[PDB]
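Raw contents of start_32.txt, compact mmCIF, C-alpha atoms:
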# COMPACT_ATOMS: atom_id res chain seq x y z
CA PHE A 881 -15.45 11.87 -10.91
CA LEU A 882 -16.46 10.24 -7.64
CA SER A 883 -14.85 7.13 -9.16
CA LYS A 884 -11.73 8.76 -10.73
CA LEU A 885 -10.39 10.77 -7.73
CA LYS A 886 -12.89 11.06 -4.82
CA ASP A 887 -12.96 7.26 -4.74
CA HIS A 888 -10.36 4.47 -4.98
CA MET A 889 -10.98 3.29 -8.61
CA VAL A 890 -8.09 4.80 -10.73
CA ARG A 891 -4.61 6.30 -9.73
CA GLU A 892 -5.19 9.00 -12.41
CA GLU A 893 -4.99 12.73 -11.60
CA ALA A 894 -8.66 12.79 -12.91
CA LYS A 895 -7.78 16.06 -14.75
CA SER A 896 -9.74 18.89 -13.11
CA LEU A 897 -11.86 21.34 -14.96
CA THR A 898 -8.70 23.14 -16.16
CA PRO A 899 -8.64 27.04 -16.25
CA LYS A 900 -9.36 26.84 -19.98
CA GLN A 901 -12.27 24.36 -19.49
CA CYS A 902 -13.53 26.59 -16.60
CA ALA A 903 -13.49 29.31 -19.15
CA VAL A 904 -15.24 27.82 -22.24
CA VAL A 905 -17.94 26.64 -19.78
CA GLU A 906 -18.33 30.10 -18.12
CA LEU A 907 -18.57 31.49 -21.69
CA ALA A 908 -20.88 28.72 -22.96
CA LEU A 909 -23.08 29.61 -19.93
CA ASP A 910 -23.05 33.36 -20.71
CA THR A 911 -24.07 32.40 -24.30
CA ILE A 912 -26.82 30.05 -23.07
CA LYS A 913 -27.95 32.92 -20.77
CA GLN A 914 -27.93 35.31 -23.75
CA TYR A 915 -29.84 32.68 -25.75
CA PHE A 916 -32.42 32.24 -22.97
CA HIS A 917 -32.51 36.03 -22.68
CA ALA A 918 -33.02 36.25 -26.47
CA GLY A 919 -32.49 40.03 -26.41
CA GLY A 920 -35.44 40.46 -24.00
CA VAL A 921 -37.75 38.11 -25.98
CA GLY A 922 -36.85 35.35 -23.56
CA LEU A 923 -36.06 35.37 -19.83
CA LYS A 924 -34.94 38.58 -18.09
CA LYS A 925 -31.17 38.85 -17.48
CA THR A 926 -32.17 39.45 -13.83
CA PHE A 927 -34.01 36.05 -13.53
CA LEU A 928 -31.09 34.35 -15.25
CA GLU A 929 -28.39 35.97 -13.02
CA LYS A 930 -30.43 35.33 -9.83
CA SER A 931 -31.11 31.80 -11.08
CA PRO A 932 -30.23 29.42 -8.25
CA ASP A 933 -29.56 26.85 -11.03
CA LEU A 934 -26.93 29.14 -12.50
CA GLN A 935 -25.62 30.15 -9.04
CA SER A 936 -25.24 26.46 -8.09
CA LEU A 937 -23.49 25.77 -11.40
CA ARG A 938 -21.14 28.78 -10.79
CA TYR A 939 -20.44 27.57 -7.25
CA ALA A 940 -19.35 24.08 -8.35
CA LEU A 941 -17.23 25.72 -11.06
CA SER A 942 -15.65 28.16 -8.56
CA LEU A 943 -14.52 25.18 -6.42
CA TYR A 944 -12.50 23.62 -9.27
CA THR A 945 -9.98 26.56 -9.32
CA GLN A 946 -9.96 27.49 -5.60
CA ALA A 947 -6.74 27.59 -3.54
CA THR A 948 -5.82 24.72 -1.24
CA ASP A 949 -6.28 26.71 1.99
CA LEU A 950 -9.56 28.12 0.70
CA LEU A 951 -10.80 24.63 -0.21
CA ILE A 952 -9.68 23.49 3.29
CA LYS A 953 -11.39 26.46 5.04
CA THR A 954 -14.47 25.71 2.92
CA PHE A 955 -14.32 22.10 4.05
CA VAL A 956 -14.16 23.09 7.77
CA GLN A 957 -16.90 25.73 7.43
CA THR A 958 -19.18 23.34 5.38
CA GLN A 959 -18.54 20.00 7.15
CA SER A 960 -20.25 21.48 10.33
CA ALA A 961 -21.83 18.03 10.94
CA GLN A 962 -18.29 16.59 11.65
CA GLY A 963 -18.94 17.68 15.29
CA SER A 964 -22.33 16.30 16.60
CA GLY A 965 -22.00 12.53 17.43
CA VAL A 966 -20.14 9.73 15.59
CA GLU A 967 -22.45 6.86 14.67
CA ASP A 968 -21.20 3.30 15.36
CA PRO A 969 -18.29 4.41 17.65
CA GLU B 1059 -11.13 21.38 13.90
CA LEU B 1060 -9.12 18.84 15.85
CA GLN B 1061 -8.99 15.34 14.40
CA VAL B 1062 -8.13 12.78 17.17
CA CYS B 1063 -6.92 9.36 15.99
CA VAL B 1064 -6.18 6.26 18.02
CA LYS B 1065 -3.58 3.91 16.55
CA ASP B 1066 -2.05 0.63 17.57
CA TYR B 1067 1.80 0.98 17.59
CA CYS B 1068 3.24 -1.76 15.34
CA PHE B 1069 6.97 -1.99 14.54
CA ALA B 1070 7.84 -4.28 11.56
CA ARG B 1071 4.14 -4.13 10.53
CA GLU B 1072 2.20 -0.80 10.24
CA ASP B 1073 0.51 1.34 13.00
CA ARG B 1074 -3.16 0.43 12.59
CA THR B 1075 -5.82 3.16 12.83
CA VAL B 1076 -8.16 2.09 15.61
CA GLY B 1077 -10.49 5.09 15.16
CA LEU B 1078 -10.95 8.84 14.49
CA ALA B 1079 -12.92 11.77 16.12
CA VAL B 1080 -13.54 15.37 15.00
CA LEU B 1081 -13.90 18.30 17.37
CA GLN B 1082 -15.05 21.64 15.89
CA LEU B 1083 -13.18 24.60 17.40
CA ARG B 1084 -16.28 26.80 16.75
CA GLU B 1085 -17.64 25.18 19.94
CA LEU B 1086 -14.51 26.04 21.88
CA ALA B 1087 -14.74 29.61 20.54
CA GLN B 1088 -17.61 29.91 23.06
CA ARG B 1089 -16.49 27.30 25.60
CA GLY B 1090 -12.84 28.60 26.06
CA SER B 1091 -11.97 25.25 27.65
CA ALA B 1092 -13.86 21.94 27.29
CA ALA B 1093 -13.70 18.56 28.90
CA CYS B 1094 -15.24 16.13 26.39
CA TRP B 1095 -15.41 12.37 25.68
CA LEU B 1096 -15.04 12.21 21.93
CA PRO B 1097 -16.60 9.06 20.49
CA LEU B 1098 -14.22 7.50 17.92
CA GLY B 1099 -15.40 6.57 14.37
CA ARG B 1100 -14.03 4.32 11.59
CA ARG B 1101 -14.08 7.15 8.93
CA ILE B 1102 -15.10 10.82 8.99
CA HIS B 1103 -18.69 11.46 7.74
CA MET B 1104 -19.11 13.94 4.84
CA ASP B 1105 -21.49 15.91 2.65
CA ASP B 1106 -21.40 16.48 -1.14
CA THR B 1107 -19.22 19.59 -0.62
CA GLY B 1108 -16.73 17.81 1.64
CA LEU B 1109 -16.58 15.04 -0.96
CA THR B 1110 -16.38 17.67 -3.80
CA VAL B 1111 -13.62 19.62 -2.02
CA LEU B 1112 -11.82 16.33 -1.30
CA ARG B 1113 -11.99 15.15 -4.96
CA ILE B 1114 -10.78 18.63 -5.94
CA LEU B 1115 -7.90 18.62 -3.38
CA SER B 1116 -6.88 15.08 -4.47
CA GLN B 1117 -6.22 16.46 -8.00
CA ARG B 1118 -3.66 18.87 -6.38
CA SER B 1119 -1.54 15.69 -6.01
CA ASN B 1120 1.76 17.69 -5.65
CA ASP B 1121 0.62 20.25 -3.05
CA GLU B 1122 2.01 18.96 0.22
CA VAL B 1123 -0.72 20.60 2.32
CA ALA B 1124 -3.39 19.15 0.05
CA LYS B 1125 -1.58 15.75 0.09
CA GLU B 1126 -1.50 15.71 3.88
CA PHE B 1127 -5.08 17.07 4.10
CA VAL B 1128 -6.39 14.46 1.61
CA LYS B 1129 -4.31 11.76 3.31
CA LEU B 1130 -5.62 12.93 6.74
CA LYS B 1131 -9.30 13.01 5.77
CA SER B 1132 -8.83 9.81 3.75
CA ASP B 1133 -7.46 8.11 6.89
CA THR B 1134 -9.96 5.54 8.11
CA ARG B 1135 -9.68 2.80 10.76
CA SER B 1136 -7.71 -0.08 9.31
CA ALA B 1137 -10.79 -2.14 9.93
CA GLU B 1138 -9.65 -5.19 11.86
CA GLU B 1139 -9.73 -6.21 15.61
CA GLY B 1140 -13.19 -4.48 15.92
CA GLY B 1141 -14.74 -3.50 12.48
CA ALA B 1142 -14.67 -1.69 9.06
CA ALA B 1143 -17.49 0.83 8.18
CA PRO B 1144 -19.25 3.31 10.58
CA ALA B 1145 -22.44 5.38 10.48
CA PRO B 1146 -22.60 9.20 9.76
CA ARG C 437 16.68 -6.03 -4.64
CA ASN C 438 16.60 -9.75 -3.88
CA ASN C 439 15.63 -10.82 -7.43
CA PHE C 440 18.06 -8.45 -9.28
CA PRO C 441 20.92 -7.74 -6.86
CA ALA C 442 23.06 -4.66 -7.60
CA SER C 443 26.11 -6.98 -7.45
CA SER C 444 24.79 -8.51 -10.72
CA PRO C 445 24.92 -5.83 -13.47
CA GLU C 446 23.51 -8.60 -15.67
CA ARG C 447 20.45 -8.92 -13.45
CA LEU C 448 20.39 -5.07 -13.29
CA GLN C 449 20.22 -5.21 -17.10
CA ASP C 450 17.62 -7.97 -17.15
CA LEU C 451 15.86 -5.70 -14.57
CA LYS C 452 16.19 -2.72 -16.97
CA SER C 453 14.96 -4.87 -19.93
CA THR C 454 12.16 -6.15 -17.64
CA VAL C 455 10.93 -2.58 -17.06
CA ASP C 456 11.35 -2.05 -20.82
CA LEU C 457 9.19 -5.19 -21.25
CA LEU C 458 6.68 -3.84 -18.64
CA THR C 459 6.48 -0.53 -20.57
CA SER C 460 6.03 -2.73 -23.71
CA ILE C 461 3.10 -4.61 -21.99
CA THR C 462 1.54 -1.33 -20.68
CA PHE C 463 1.84 -0.04 -24.25
CA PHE C 464 0.20 -3.28 -25.59
CA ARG C 465 -2.71 -2.83 -23.13
CA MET C 466 -3.00 0.84 -24.12
CA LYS C 467 -2.52 0.34 -27.91
CA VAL C 468 -3.64 -3.18 -28.85
CA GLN C 469 -6.20 -3.94 -26.13
CA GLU C 470 -7.03 -0.20 -26.42
CA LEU C 471 -7.44 0.10 -22.63
CA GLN C 472 -7.97 3.73 -21.53
CA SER C 473 -6.46 3.75 -18.03
CA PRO C 474 -4.23 0.62 -17.83
CA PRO C 475 -1.95 0.51 -14.71
CA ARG C 476 0.71 3.23 -15.23
CA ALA C 477 4.18 1.61 -15.54
CA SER C 478 5.84 4.14 -13.12
CA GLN C 479 3.18 3.65 -10.36
CA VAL C 480 3.18 -0.17 -10.83
CA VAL C 481 6.96 -0.10 -10.28
CA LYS C 482 6.78 2.52 -7.43
CA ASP C 483 4.50 0.13 -5.52
CA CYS C 484 7.04 -2.68 -6.12
CA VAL C 485 9.86 -0.42 -4.90
CA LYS C 486 7.95 0.71 -1.83
CA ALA C 487 7.23 -2.99 -1.31
CA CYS C 488 10.88 -3.99 -1.67
CA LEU C 489 11.93 -1.05 0.62
CA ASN C 490 9.39 -1.94 3.32
CA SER C 491 10.49 -5.62 3.19
CA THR C 492 14.00 -4.27 3.53
CA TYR C 493 12.98 -2.08 6.54
CA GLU C 494 11.05 -4.82 8.36
CA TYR C 495 13.93 -7.16 7.78
CA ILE C 496 16.55 -4.63 9.00
CA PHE C 497 14.54 -3.52 12.06
CA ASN C 498 14.01 -7.15 13.09
CA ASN C 499 17.52 -8.39 12.10
CA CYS C 500 19.67 -5.27 12.77
CA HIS C 501 22.35 -7.27 14.47
CA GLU C 502 22.68 -10.07 11.93
CA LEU C 503 22.78 -7.47 9.16
CA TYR C 504 25.00 -4.83 10.80
CA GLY C 505 26.92 -7.76 12.15
CA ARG C 506 27.81 -9.29 8.79
CA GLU C 507 27.85 -6.02 6.79
CA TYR C 508 30.13 -3.82 9.05
CA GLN C 509 30.37 -4.76 12.73
CA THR C 510 33.48 -3.39 14.54
CA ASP C 511 33.95 -6.77 16.40
CA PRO C 512 33.77 -10.17 14.51
CA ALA C 513 32.27 -11.91 17.61
CA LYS C 514 29.22 -9.58 17.14
CA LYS C 515 28.41 -10.58 13.46
CA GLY C 516 26.10 -13.50 14.41
CA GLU C 517 22.55 -13.90 15.84
CA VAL C 518 22.93 -11.52 18.80
CA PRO C 519 19.75 -11.64 21.01
CA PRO C 520 16.48 -10.34 19.42
CA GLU C 521 16.50 -7.53 22.09
CA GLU C 522 19.69 -6.35 20.25
CA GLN C 523 18.51 -7.14 16.62
CA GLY C 524 15.60 -5.01 17.53
CA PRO C 525 15.94 -2.38 20.29
CA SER C 526 18.06 -2.65 23.49
CA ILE C 527 17.34 -0.92 26.79
CA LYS C 528 21.00 -1.49 27.90
CA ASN C 529 22.82 0.29 25.03
CA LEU C 530 22.45 2.67 22.04
CA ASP C 531 24.53 0.48 19.74
CA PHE C 532 21.59 -1.18 17.93
CA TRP C 533 20.67 2.39 16.90
CA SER C 534 24.17 3.41 15.74
CA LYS C 535 24.04 0.14 13.77
CA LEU C 536 20.57 0.79 12.37
CA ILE C 537 21.83 4.28 11.28
CA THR C 538 24.60 2.64 9.20
CA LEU C 539 22.20 0.07 7.67
CA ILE C 540 19.89 2.89 6.61
CA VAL C 541 22.80 4.85 5.02
CA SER C 542 24.01 1.76 3.13
CA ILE C 543 20.61 0.93 1.62
CA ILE C 544 19.86 4.52 0.57
CA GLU C 545 23.25 4.51 -1.09
CA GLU C 546 22.60 1.27 -3.02
CA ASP C 547 19.22 2.66 -4.15
CA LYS C 548 20.64 6.07 -5.06
CA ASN C 549 23.68 4.55 -6.70
CA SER C 550 22.82 1.19 -8.37
CA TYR C 551 19.05 1.18 -8.71
CA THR C 552 18.21 4.83 -9.55
CA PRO C 553 20.43 4.44 -12.67
CA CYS C 554 19.26 0.89 -13.48
CA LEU C 555 15.61 2.10 -13.31
CA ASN C 556 15.88 5.39 -15.13
CA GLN C 557 12.78 4.73 -17.43
CA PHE C 558 10.68 7.15 -15.34
CA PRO C 559 13.46 9.47 -14.10
CA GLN C 560 11.05 12.31 -13.23
CA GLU C 561 8.82 9.87 -11.30
CA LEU C 562 11.30 7.28 -9.96
CA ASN C 563 14.37 8.53 -8.04
CA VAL C 564 14.98 5.18 -6.21
CA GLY C 565 17.45 6.90 -3.81
CA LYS C 566 14.86 9.47 -2.59
CA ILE C 567 12.02 6.90 -2.25
CA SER C 568 14.51 4.85 -0.23
CA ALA C 569 15.52 7.78 2.10
CA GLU C 570 11.87 8.76 2.79
CA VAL C 571 10.53 5.21 3.37
CA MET C 572 13.44 4.17 5.56
CA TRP C 573 13.59 7.36 7.70
CA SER C 574 9.83 7.30 8.30
CA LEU C 575 9.90 3.75 9.57
CA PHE C 576 13.06 4.53 11.57
CA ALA C 577 11.90 7.74 13.25
CA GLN C 578 8.86 6.06 14.79
CA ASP C 579 11.03 3.30 16.17
CA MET C 580 13.75 5.65 17.43
CA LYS C 581 11.26 7.95 19.19
CA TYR C 582 9.82 5.00 21.17
CA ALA C 583 13.35 3.84 21.95
CA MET C 584 14.43 7.17 23.41
CA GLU C 585 11.24 7.23 25.49
CA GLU C 586 12.05 3.70 26.73
CA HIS C 587 15.68 4.55 27.63
CA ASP C 588 14.33 7.53 29.54
CA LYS C 589 12.47 5.22 32.00
CA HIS C 590 15.62 3.11 32.68
CA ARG C 591 18.71 5.36 32.12
CA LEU C 592 21.14 2.41 31.74
CA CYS C 593 23.33 4.18 29.13
CA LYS C 594 25.12 7.36 30.44
CA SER C 595 23.84 10.90 29.61
CA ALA C 596 26.92 11.16 27.33
CA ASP C 597 25.91 8.13 25.22
CA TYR C 598 22.58 9.77 24.34
CA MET C 599 24.47 13.02 23.58
CA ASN C 600 26.75 11.04 21.19
CA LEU C 601 23.66 9.38 19.68
CA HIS C 602 22.10 12.85 19.36
CA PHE C 603 25.08 14.05 17.27
CA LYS C 604 24.83 10.92 15.04
CA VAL C 605 21.05 11.37 14.63
CA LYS C 606 21.41 15.12 14.15
CA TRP C 607 23.97 14.36 11.46
CA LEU C 608 21.81 11.62 9.86
CA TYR C 609 18.64 13.73 9.60
CA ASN C 610 20.63 16.78 8.52
CA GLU C 611 22.25 14.59 5.85
CA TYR C 612 19.59 12.39 4.26
CA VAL C 613 16.24 13.51 5.58
CA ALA C 614 16.15 17.29 6.01

Final structure tokens representation of the file:
Amino acid sequence: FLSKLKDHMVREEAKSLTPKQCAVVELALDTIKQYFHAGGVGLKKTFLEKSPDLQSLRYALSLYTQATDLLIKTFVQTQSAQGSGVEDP
Amino acid sequence: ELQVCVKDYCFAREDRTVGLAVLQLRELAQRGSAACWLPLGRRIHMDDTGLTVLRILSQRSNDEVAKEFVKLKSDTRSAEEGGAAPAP
Amino acid sequence: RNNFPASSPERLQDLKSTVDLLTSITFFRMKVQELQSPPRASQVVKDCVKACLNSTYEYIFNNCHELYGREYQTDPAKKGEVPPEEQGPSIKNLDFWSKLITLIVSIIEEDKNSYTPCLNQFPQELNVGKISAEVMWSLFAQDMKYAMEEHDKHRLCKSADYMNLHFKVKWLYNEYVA
């Protein structure tokens, strides 16, 4: 997905993670979490919810549905390094 | 953020991007007014999240704000008369 | 435009059958070669149209007098190769720009009227009249802005002439572009 709409390679719309595929995944993840929890026989719900691995996964997912302005605000707030010296001017 | 772009004016042809600079208005939120010499780049330098947001915004290929944002970030120096790819 | 002139319905039909052939090739690549993302027939053509429109614009902006000349000009002595400073922009007069306005109108009409129907295969994607109006105005507006700035340094035309030009431009934008 670098190739198919970050990059130049294909004039396709890439197809985002669609609301339905955002769901499905968020539910697959709650099931995996329940599986790894195994009704308390596995990992605590608390470890799983605080899991940075899960939080990172949720973050990437949250981006795929976010509004244009919010994506753009996110870009300006995150791209902080676009203001500390161009290299090869 | 301001994005400052130098272009060569070219009737019949196309107005070539000479270079691009970004100024973060967070700085100006302290400074109030700033004199600055912005160095110009060939393309804007990005992280995974800029590139993720950009590949996300490019899928919104009917949103005019997204189109112009994507187009604007995806502007790079039309390489020639002084060179193609920068450093970050 | 040059290969399948609107004045030949036959070449408009060969043009239509050509895009039907190009859909047939895209379909062969997709179906027989089993290619997954072959070049989409509407985008392939949209590039060609943008190409043909930009070649049109370059040619009109460089040859405004020869074109406006032969195609409409309100004096037959002014149909020929008038100086390049009058086939592109003049500092002496606004007439190149009134002439360029009419060229732009005429082309957008031919695209709206002959080609948008000839090339209906992607109607949702390929309004030839709109792609024409956008491409041509964009290229124009740049050129016009610099012209008005240039006139402003010299003031050879009267205030009035720029006011007349303003009403024409106001009209043009408020017609095609707005």

Quiz item: Leaving out residue 965 (chain A) and any residue of its chain fewer than 5 positions from it, which residues lie within 9 Å of it when counting all atoms listed in the file, given as a list in words?
Solution: residues 1096, 1097 and 1146 of chain B

Output of the above residues as a PDB file, in the frame of the given file, restricted to C-alpha atoms:
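Generated file (result-v7.pdb):
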ATOM      1  CA  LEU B1096     -15.040  12.210  21.930  1.00  0.00           C
ATOM      2  CA  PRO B1097     -16.600   9.060  20.490  1.00  0.00           C
ATOM      3  CA  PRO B1146     -22.600   9.200   9.760  1.00  0.00           C
TER       4      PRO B1146
END

Pull the closest atom pair for each residue of chain C that gets at most 7 Å from chain B, along with the distance in Å to one decimal, counting all atoms listed in the file, ordering rows by chain and then ascending residue number, as a Markdown table.
| residue | atom | partner | partner_atom | distance |
| --- | --- | --- | --- | --- |
| C:494 | CA | B:1070 | CA | 4.6 |
| C:497 | CA | B:1070 | CA | 6.8 |
| C:498 | CA | B:1070 | CA | 7.0 |
| C:579 | CA | B:1069 | CA | 6.9 |

Practice problem: For each of B:1117, B:1129, B:1122, B:1141, take the minimum atom-to-atom distance to chain A, counting only C-alpha atoms, then give the residue where this is smallest. | Solution: B:1117

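You can rank B:1064, B:1143, B:1086, B:1092 by their closest distance to chain A using all atoms listed in the file, and at the top of that list sits B:1143.
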
What are the closest atom pairs, with distances in Å to one decimal, for each residue of chain B lying within 6 Å of chain A, using only C-alpha atoms, rows by chain and rising residue number, as CSV?
residue,atom,partner,partner_atom,distance
B:1080,CA,A:963,CA,5.9
B:1081,CA,A:963,CA,5.5
B:1082,CA,A:963,CA,5.6
B:1097,CA,A:969,CA,5.7
B:1098,CA,A:969,CA,5.1
B:1099,CA,A:969,CA,4.9
B:1108,CA,A:955,CA,5.5
B:1113,CA,A:886,CA,4.2
B:1117,CA,A:893,CA,5.3
B:1144,CA,A:968,CA,5.2
B:1145,CA,A:967,CA,4.4
B:1146,CA,A:967,CA,5.4

Quiz item: Using all atoms listed in the file, which residues sit within 10 Å of residue 573 (chain C) once same-chain residues fewer than 3 positions away are excluded, as JSON, numbers by chain?
Solution: {"C": [493, 537, 540, 541, 544, 568, 569, 570, 576, 577, 578, 579, 580, 608, 609, 612, 613]}

Exercise. Find the distance between CA of residue 575 (chain C) and CA of residue 543 (chain C) and write it in Å to one decimal.
Key: 13.6 Å
